[PDB]
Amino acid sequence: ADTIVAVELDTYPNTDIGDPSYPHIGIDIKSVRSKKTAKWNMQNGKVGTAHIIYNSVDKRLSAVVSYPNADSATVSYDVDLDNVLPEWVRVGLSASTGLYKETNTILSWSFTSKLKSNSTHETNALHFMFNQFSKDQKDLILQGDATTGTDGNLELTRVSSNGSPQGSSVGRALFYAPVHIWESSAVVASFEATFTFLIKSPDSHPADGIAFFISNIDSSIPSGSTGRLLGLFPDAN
C-alpha cells in the first residue's frame, strides 16, 4: 500500500475508529487513527485557512487551522519524517463525503520546500502557489472525483450542477513534480503548506473532511476509502 503522512481537517466524529467526539484537526502518520488531535470549531459555509509546517531541526509537524476573527485550532506532533516517508514524494490535497456530505472546495494552495546541503551549504528549493485553478491545470494530477475550473476553484469532491455536494465521493489533487522531502546529507530542511477552503453542508452534520498529505510518488486513491477514510487509507487500522 501507499505510505501516507497527512494533516486532516476531520468534520465527522467516527468514534468507533478512534476520532474524538467533535470535529477536529489531526496528524496522521501511516494511519487514519491520528497520533494527535485538537478540537476544531468548524464553521459551516465560511472560508477558512490551514497552515502546515515542519523542519528537520525540531522534527515537529505542526498545523494551525482558523477562520478570520475566530480563535485558531493548533496541533503538533514530534515525528522524524526521515524514518517514515521515502526521500522523494508527491504532495497533495484529498477529501471525501460518505453517508453525510459537504463541499470540499479549495480556493488557494501553496507549498514551499527547502534542502540545504551538508557539503556545500547551498540550498535546493521548490515553491508553488495556486490562487486560481483553471479548467485544464496541467501541473496537477486529479484523482477520483476532483475537478478544477469551476469558479476558478478546485473541487475535491463531487458537486452537482445545482451547487449541492454529493455523498460517497472521494477526490484528490497532487502537484505534478516529485518533491525531495528529506535527504541524509542535508544539514537543514523544511517545508510549509497553506490552503484556503470552503466546506458547506446542507445536512444535519457535515462529513467527512479535507486533508493535506505527503505520499509515495505513484500514490492513488485506495479501494474503499470514501467517507471516514478521507481518500487516504485502505482501512481504519
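Residue numbers run from 1 along the displayed sequence.
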item	value
Which of 183 to 191 and 170 to 178 has higher mean CA B factor, as the PDB entry lists it	183 to 191
Stretch with the greater mean C-alpha B-factor as recorded in the entry, comparing 102 to 110 against 150 to 158	150 to 158
Criterion, highest CA B-factor; candidates, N118, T74, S94, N124	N118
CA B-factor placement of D208, once the chain's modelled residues are sorted into thirds	lowest
Position of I17 among the chain's modelled residues by C-alpha B-factor, lowest, middle or highest third	highest
Position of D82 among the chain's modelled residues by C-alpha B-factor, lowest, middle or highest third	highest
Where the record places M42 (Cα B-factor, split into thirds across the chain)	highest
CA B-factor ranking of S215, expressed as a third of its chain	lowest
